[PDB]
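*Asks:* Pasting an experimental structure with its sequence.
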Amino acid sequence: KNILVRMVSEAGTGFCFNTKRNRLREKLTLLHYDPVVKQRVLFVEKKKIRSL
Amino acid sequence: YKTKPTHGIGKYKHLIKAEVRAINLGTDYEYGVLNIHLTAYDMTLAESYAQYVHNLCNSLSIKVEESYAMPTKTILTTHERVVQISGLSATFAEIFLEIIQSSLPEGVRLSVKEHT
Amino acid sequence: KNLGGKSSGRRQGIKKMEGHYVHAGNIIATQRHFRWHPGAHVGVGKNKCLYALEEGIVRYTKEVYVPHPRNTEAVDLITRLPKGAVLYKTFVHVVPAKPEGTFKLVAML
Amino acid sequence: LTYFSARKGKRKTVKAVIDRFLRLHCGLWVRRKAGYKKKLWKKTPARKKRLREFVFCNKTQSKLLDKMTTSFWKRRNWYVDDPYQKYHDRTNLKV
Amino acid sequence: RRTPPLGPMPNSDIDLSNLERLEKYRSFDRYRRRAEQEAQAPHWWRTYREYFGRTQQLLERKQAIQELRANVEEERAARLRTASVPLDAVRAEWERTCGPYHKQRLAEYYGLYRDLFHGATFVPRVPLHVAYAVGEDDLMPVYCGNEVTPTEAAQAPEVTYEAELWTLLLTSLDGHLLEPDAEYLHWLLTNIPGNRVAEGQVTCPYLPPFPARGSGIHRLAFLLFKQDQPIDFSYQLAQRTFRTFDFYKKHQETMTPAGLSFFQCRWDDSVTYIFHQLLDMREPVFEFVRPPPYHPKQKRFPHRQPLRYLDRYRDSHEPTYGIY
RNA sequence: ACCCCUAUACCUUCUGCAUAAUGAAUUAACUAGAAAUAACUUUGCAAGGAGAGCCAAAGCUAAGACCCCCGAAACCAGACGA
RNA sequence: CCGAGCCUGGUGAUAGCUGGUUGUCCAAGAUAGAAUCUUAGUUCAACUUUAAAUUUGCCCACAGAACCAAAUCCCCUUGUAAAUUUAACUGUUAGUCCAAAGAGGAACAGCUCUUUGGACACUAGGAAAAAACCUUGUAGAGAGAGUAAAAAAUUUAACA
RNA sequence: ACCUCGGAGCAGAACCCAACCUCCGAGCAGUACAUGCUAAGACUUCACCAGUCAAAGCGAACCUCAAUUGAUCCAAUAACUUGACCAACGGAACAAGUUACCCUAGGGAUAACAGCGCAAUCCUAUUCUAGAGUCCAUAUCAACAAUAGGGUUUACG
RNA sequence: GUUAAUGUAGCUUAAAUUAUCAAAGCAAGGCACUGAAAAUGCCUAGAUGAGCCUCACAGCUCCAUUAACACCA
Ligand SMILES: [Mg+2]
Ligand SMILES: [Mg+2]
Ligand SMILES: [Mg+2]
Ligand SMILES: [Mg+2]
Ligand SMILES: [Mg+2]
Ligand SMILES: [Mg+2]
Ligand SMILES: [Mg+2]
Ligand SMILES: [Mg+2]
Ligand SMILES: [Mg+2]
Ligand SMILES: [Mg+2]
Ligand SMILES: [Mg+2]
Ligand SMILES: [Mg+2]
Ligand SMILES: [Mg+2]
Ligand SMILES: [Mg+2]
Ligand SMILES: [Mg+2]
Ligand SMILES: [Mg+2]
Ligand SMILES: [Mg+2]
Ligand SMILES: [Mg+2]
Ligand SMILES: [Mg+2]
């Protein structure tokens, strides 16, 4: 029912983090925080990891 | 603590009552639930007199359970409202009834009909 | 038929009693539900534990419970009480021993 | 362990001790916490920060690993840029 | 085992068997007013308090309120919520009517009476106005608790007050660099005839306030004494130290306190000028030193402590090498 | 000497054995605690010790002092047997 | 002697299992528990022993510990002399009965399972004999003395 | 039938506390995406492993829920990370039946036989008068119960 | 879990753009009536979110689903 997807930052690159979402929504796009740039940057999903 | 004089200083459920026929037992005689039907063809005259008997009861500590309404009949619709009253003493019975008599605005009829 | 129930004890309760000297960050009392509420210089964790914020001496007192108005459960319990009713809860305070610092002579300029 | 080897006649060391623990020359053993890279998505950030820590061992755990290693792993190691160089000496004990 | 209560338990006299007939708090604010009042009543258990502790005046006022409520321009401005109140008359009426009493608790809060007269209170009945001249245009007034920098208090202030012999006094209640009890005075103008302050007897000439750097915020109070008879009395700081309590004890039979004005002083750059040029000594600089952080006894085997445990017990963060 | 009074063999195993639990006729002879780093004790020398190697932020070298006996059914390899 | 011959070799196979483990004298010394293809075992803790360092340990008084019984915890005094830390390890982790609070069973068991406390596995006197009830503990000689616990009491039916 | 985790009772008031004891549940879901980094002091499921809480500080802004879970092995991935109803839940590896052809080491720690404990079951004796015995409690039998005794039985330990 | 294909009228086949037709149901017609045979209409968001052009029409985007793959102790 829930998917564990990884979210790669669109800027301040290389930094991924994992979140949950449902199977039945669209791709998540988030305003997370990068510790590389030290700003809040966009994160767009690139891969699912585990169907949970 | 139990062994201390301050035992039960913080208890509170005995101050909260968390959870009918005509009650005339030996001297303390009181009614059961009452209903007060007020029918008029004005929604303005029926809604506003439903407030005043509720304001008259609240000022005399008389318990009002429901204050709902029954729907209209298309004669022109007659609006009817029910005001549920419980508990009148012997001295209160004539006095509480006669003020609602002595405040009926314009052609609205009273009722002391009961439940079911 | 009755399976389960082999849970151990939580070992909760008061770790630092009345009158004990307690440094900042010492857990005073771990609880499951709100048995003791925090008082002066005593904080609450996520799991309702009571830790101390200053260095001092622990005192247990009884004072009037006035809940927060956004706490709609307790406010709806407050407004059912009769007109003279006052609630009480056991509070845990820390009486701070040291002062927060002195003025020391550095240098005569 | 092998208390007396069949080729030389010495103690061997358990090599599973070496790939897991770090001995400081004061006598403390330093280890990583178990599960520090397992199932990080279901852990709170406070719990994840506890796992990313080098923690010391018990008294009996330190005496068990001291028997499991020879005296080669109990010597002064004057490395160039050891990050654990400041932790080998023990300052300011009152036993 | 049960022990009976010592005094009356709460929620006991109001306790009944009927809970429907008893009227309730329907609200949160009705409960809180009863809650705040109950916390201030003394109780027989342990609480937070134990450890952390004429006829003409009414006839004139009823006539005056009936006329201010008769102008329809007033009831049009108050109803349309555009009404204002001029503060200048309210300030002048406050100092005459109840300003003595509000100035009393301000000196109780600021710790004047427990440092001036060892807990003995009085009421500043005489509304004195102390004001320091700044530049030439404006002048900085000294109310009860105000902040006046020592650059604004270099010269003596222009004291003016509406009354009819008097002594005036100033004490820096915590300016002492040596003793915790005593206080440095700044000027004592005694036997003042009526309202003219310049005619008074200077027995101590005006020192500007000198609070040391980093030593906090001082308080300096203007004592105005009602006086009947004149009495003969008596840059070195050993002459400026005295205590107000055993000074007033010598003259309480002939002289009673009658006003208050106290202000606050921080360091400024002009206190360098006072300490060096006219006091002729080095200035002292104090800093707020916090107590050292508590660390427990260092264990041999600090089990399950992080690797930064050993850093809390060393003092030099430079690598030592021992015998090598 | 006995008569009198007192006294429920021993070992092992056990919650607990006079136990009707084990073992043992008895004599003579034979028959069972082997060792490590670390600590401790005692010396030598000492910011150095050690007769190369090794250890050293009082250490280091040397000594002393702790680790049993009998018993399977089996398993495998190679011979020897109709 | 055949569910897989016999002999030699690996072989002093292995055994958490049974049996055995040899001079003298003294001293300290008994029962929380957790994990485990583990409950016939072991590892860690607890208890125990030795050596060392230090400063408190035990007993405790007011006050104090929550709402939906007996007591304990905390605790200065006081009575006392021990405890904690450090270093080095072994062994016990297959208990019994009695008193008390309960659970299971039949408000059966010399029954089973927890808890609080005794006693026993340690001597002696008693309850006849007697591990567990009662008296009593620190050791030897005496042809002295005072004591402790300590011995079951009961015999009854006329009637106007 | 069960094996892990959690709530309540036994376990009434600090903690703890068994049981093939009594009752309820859990192996998730939802909302955020600073559910960022760091760090004093502590708690701790009676060890360890893991589990908890947290001031200050940096940086910004102006988690709920009791349980809701799973170690190591260095590889799958460029990295960050992710992977077991390993549910026998401190986890070997995915390895079953059967033995009366059986063997060995042991155990009265543990069964069958017997002794013993116990007396639910069984047997017996009195108390009580309901009722049967035409009428009539007691010639005879006897319901509901009660108080004793025995130690044949089936059982239990 | 990964690779691979799949998506239809009331349901399935097909058509290489456009969408054909046999069942299903809607009546009427022959029969005393009811099933068949005709003679007629209808029923397709071509599973879809946007349209580069115009798209069953074809690539992303996709939500269901169908087979293989469900290593390595
Ligand atoms: Mg429980
Ligand atoms: Mg348990
Ligand atoms: Mg015996
Ligand atoms: Mg025998
Ligand atoms: Mg035997
Ligand atoms: Mg024999
Ligand atoms: Mg032949
Ligand atoms: Mg052997
Ligand atoms: Mg002894
Ligand atoms: Mg075993
Ligand atoms: Mg004490
Ligand atoms: Mg028993
Ligand atoms: Mg003696
Ligand atoms: Mg613990
Ligand atoms: Mg903060
Ligand atoms: Mg297992
Ligand atoms: Mg297990
Ligand atoms: Mg057969
Ligand atoms: Mg039997």
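*Replies:* Okay, I see it. Numbers count the residues shown, from 1 in each chain, chains lettered A, B, ... in the order given. Ligands and ions are numbered 1, 2, ... in the order given.
*Asks:* Surely residue C:85 touches residue E:11?
*Replies:* Yes: counting by C-beta atoms under 8 Å, residue C:85 does reach residue E:11; the two are 5.3 Å apart. Just so you know, the C-beta spots here come from the backbone N, C-alpha and C atoms, and that holds for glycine as well.
*Asks:* Mutual contacts of the two, please.
*Replies:* B:12, B:15 (C-beta atoms under 8 Å, 6 or more residues apart in numbering or on different chains).
*Asks:* residue in chain A nearest to RNA strand G?
*Replies:* Residue nearest to RNA strand G within chain A (C-beta to the nearest atom of the strand): residue A:52, separated by 26.4 Å.
*Asks:* Let me know whether the helix ranked longest in chain B sits next to chain E.
*Replies:* Identified as the longest helix of chain B according to DSSP state H is helix B:43-58. No: Helix B:43-58 stays clear of chain E (C-beta under 8 Å from any C-beta of the partner chain), getting no nearer than 10.2 Å.
*Asks:* Now the element after that helix, going C-ward?
*Replies:* strand B:63-64 (DSSP states H and E).
*Asks:* moving C-terminal of that following strand, what's the next helix or strand?
*Replies:* strand B:69-70.
*Asks:* Okay, now the sheet partners of that following strand, with direction.
*Replies:* Strand B:69-70 sits in its sheet next to strand B:79-82 (antiparallel), going by DSSP bridges.
*Asks:* circling back: buried stuff in the longest helix of chain B?
*Replies:* Within helix B:43-58, the residues scored as buried using 16 or more other C-beta atoms under 10 Å in any protein chain shown are B:45-46, B:49-50, B:53-54, B:57.
*Asks:* Compile those into JSON lines and extend it with columns for distance to residue E:31.
*Replies:* Output for these, formatted as JSON lines (distance: C-beta to C-beta, whole Å):
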{"residue": "B:45", "distance to residue E:31": "38"}
{"residue": "B:46", "distance to residue E:31": "36"}
{"residue": "B:49", "distance to residue E:31": "33"}
{"residue": "B:50", "distance to residue E:31": "30"}
{"residue": "B:53", "distance to residue E:31": "29"}
{"residue": "B:54", "distance to residue E:31": "24"}
{"residue": "B:57", "distance to residue E:31": "24"}
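*Asks:* Need the max-distance pair from those.
*Replies:* By the measure C-beta to C-beta, B:45 and B:57 form the most distant pair in these, at 19.3 Å.
*Asks:* Could I get the contacting residues of the residue of chain A closest to RNA strand G?
*Replies:* A:1-4, A:20.
*Asks:* Show me what from chain B comes close to chain D.
*Replies:* Checking chain B against chain D by C-beta under 8 Å from any C-beta, there are no hits.
*Asks:* now the strands: where do they sit in chain B?
*Replies:* B:23-24, B:29-30, B:33-34, B:37-40, B:63-64, B:69-70, B:79-82, B:85-86 (DSSP state E).
*Asks:* Just list the residues touching residue E:268, thanks.
*Replies:* Contacts for residue E:268 were tallied using C-beta under 8 Å, 6+ apart; they are E:149-151.
*Asks:* Tell me the secondary structure at it.
*Replies:* coil (DSSP: H, G, I helix; E, B strand; the rest coil).
*Asks:* give me the number of residues near the residue of the stretch 1-150 of chain E found nearest RNA strand I?
*Replies:* When scored by C-beta to the nearest atom of the strand, the stretch 1-150 of chain E has residue E:28 as its residue closest to RNA strand I, at 47.9 Å. For residue E:28, the count of nearby residues is 17 (other C-beta atoms under 10 Å in any protein chain shown).
*Asks:* Can you measure across stretch D:15-22, start residue to end residue?
*Replies:* Taking C-alpha to C-alpha, to the nearest Å, the first and last residues of stretch D:15-22 lie 12 Å apart.
*Asks:* Do you have the strands of chain C handy? List them.
*Replies:* With DSSP E as the criterion, chain C has strands spanning C:13-14, C:21-22, C:27-30, C:36-38, C:42-44, C:50-52, C:56-64, C:88-96, C:102-108.
*Asks:* Could you export those strands to CSV, including columns for distance to RNA strand G?
*Replies:* Listed next are those as CSV, based on distance: least, C-beta to the nearest atom of the strand, whole Å:
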stretch, distance to RNA strand G
strand C:13-14, 5
strand C:21-22, 9
strand C:27-30, 8
strand C:36-38, 6
strand C:42-44, 13
strand C:50-52, 12
strand C:56-64, 3
strand C:88-96, 4
strand C:102-108, 26
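*Asks:* Report the beta-bridge partners for the most centrally placed residue in chain B.
*Replies:* Chain B has residue B:85 as the residue nearest its centroid, 2.6 Å off, counting by C-alpha atoms, centre = their mean. Beta bridges link residue B:85 to residue B:34, residue B:64 when assigned by DSSP bridges.
*Asks:* wouldn't it be in contact with residue B:36 here?
*Replies:* Yes: judged on C-beta under 8 Å, residue B:85 makes contact with residue B:36 at a distance of 6.3 Å.
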